[PDB]
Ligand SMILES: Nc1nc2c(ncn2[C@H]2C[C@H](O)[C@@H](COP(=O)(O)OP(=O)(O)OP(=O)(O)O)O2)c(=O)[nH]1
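Next up: just one chain, as structure tokens, the form deposited without 2'-deoxyguanosine-5'-triphosphate.
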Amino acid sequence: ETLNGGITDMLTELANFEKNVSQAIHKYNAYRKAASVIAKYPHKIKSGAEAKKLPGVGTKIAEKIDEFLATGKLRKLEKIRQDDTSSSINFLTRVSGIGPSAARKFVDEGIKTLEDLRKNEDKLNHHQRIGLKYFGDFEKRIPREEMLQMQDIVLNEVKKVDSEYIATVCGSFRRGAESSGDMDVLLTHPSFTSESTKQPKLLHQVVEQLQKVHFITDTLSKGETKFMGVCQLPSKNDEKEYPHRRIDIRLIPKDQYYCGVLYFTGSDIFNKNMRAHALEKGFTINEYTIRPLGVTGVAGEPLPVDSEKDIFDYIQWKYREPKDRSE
């Protein structure tokens, strides 16, 4: 956790690079287990060979651990940190809509910057365009104080359109968090579930309303159950308009809301633990359900949940207020 930190960090730099710049998924994947293992490892790696000793740790990585331990730096790390081509990719990629794949094409075309991008708005698709238009707003965190305002709107409009809707803002926002990156509203309706054959309107109706009042400003992606967009808190009395924020709305069958809700609320670590406890308690859990573990090996059949309560109970556990869902 700090005893093999540099090592783990270098490895991660290396890993990421393989993947984003080269196309070295193997290699890339290679740095990863290595960091994962040395990461677990209980002592102070004092040398290459010592590390080599681990699994996932081979000759090459050892070599590197050597140089790093031997001197505060890595040549290769140093070479990549410079190289423009590499730096560009780390950069273009910052744009919502640009993954590595795209980042490579652009660079090989010479677009290596924001301006480049602008000059070539023609080569970018809808998503990417919005992403470019809001580069700035997109990187700005969302102060909870804003979140509450947003949340107030979404919730009210959903209400108007149908009393039967059930919306919830998952995220860290949910677990307390003073600010967040984006807004995800989990959504369900009684008239929508596991069997129930579809109801696209269910999601389209609300999205619409949201734009009707102007909360939503752009559409990144709109499918039958998942909407990806852009919203904004109405600029009060002209002098201070808000940044544009990322937002997601997802339809969930009412019969798998809470697991979902639970799930998305996190944290990752809270999940896992609750996840492992479940198991002990003779249970299975995932994104949509909680199942009674048979003994033959495994086994299923969806336990019936009405709240986040029904779940905990199941695995017989202390109901956790969202704030305490930390670890």
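When you see a residue number, it is the position in the sequence shown, counting from 1. Shifts are known only where both forms have a C-alpha. Rigid core here is just the name for the largest C-alpha set that superposes within 1.5 Å across the two forms.
There is another form of the same protein, the form solved in complex with 2'-deoxyguanosine-5'-triphosphate; it is not shown, and what comes next is about it.
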Subject >> Option from 168 to 176, 129 to 137, 207 to 215, 148 to 156 whose residues, in the bound PDB entry, bring a heavy atom within 4.5 Å of 2'-deoxyguanosine-5'-triphosphate >> reply: 168 to 176
Subject >> Sole residue of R141, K105, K123, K201 within 4.5 Å of 2'-deoxyguanosine-5'-triphosphate in the bound PDB entry, by heavy atom >> reply: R141
Original post:
Tell me, which of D83, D182, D162, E241 has a heavy atom within 4.5 angstroms of 2'-deoxyguanosine-5'-triphosphate in the bound PDB entry?
Top reply: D182
Original post:
Is the gap between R275 and 2'-deoxyguanosine-5'-triphosphate in the bound PDB entry 4.5 Å or less for some heavy atom pair?
Top reply: yes
Subject >> Contact flag, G48 vs 2'-deoxyguanosine-5'-triphosphate in the bound PDB entry, heavy atom cut 4.5 Å >> reply: no
Subject >> 2'-deoxyguanosine-5'-triphosphate contact in the bound PDB entry: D268, any heavy atom under 4.5 Å >> reply: yes
Original post:
Do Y41 and 2'-deoxyguanosine-5'-triphosphate share at least one heavy atom pair within 4.5 Å in the bound PDB entry?
Top reply: no
**OP:** Identify which of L74, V230, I89, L203 has its C-alpha displaced by 2 Å or more between this form and the one not shown once the rigid core is superposed.
**Re:** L74
**OP:** Answer with closer or farther for the CA-CA spacing of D182 and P200 in the bound PDB entry compared to the shown form; it moves by 3 Å or more.
**Re:** farther
Subject >> Direction of the Cα shift between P200 and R129 in the bound PDB entry, where the change is 3 Å or more >> reply: farther
**OP:** With the rigid core held as the fitting reference, name the runs of three or more adjacent residues whose C-alpha atoms all move by 2 angstroms or more between this form and the one not shown.
**Re:** 2 to 81, 197 to 200, 262 to 326
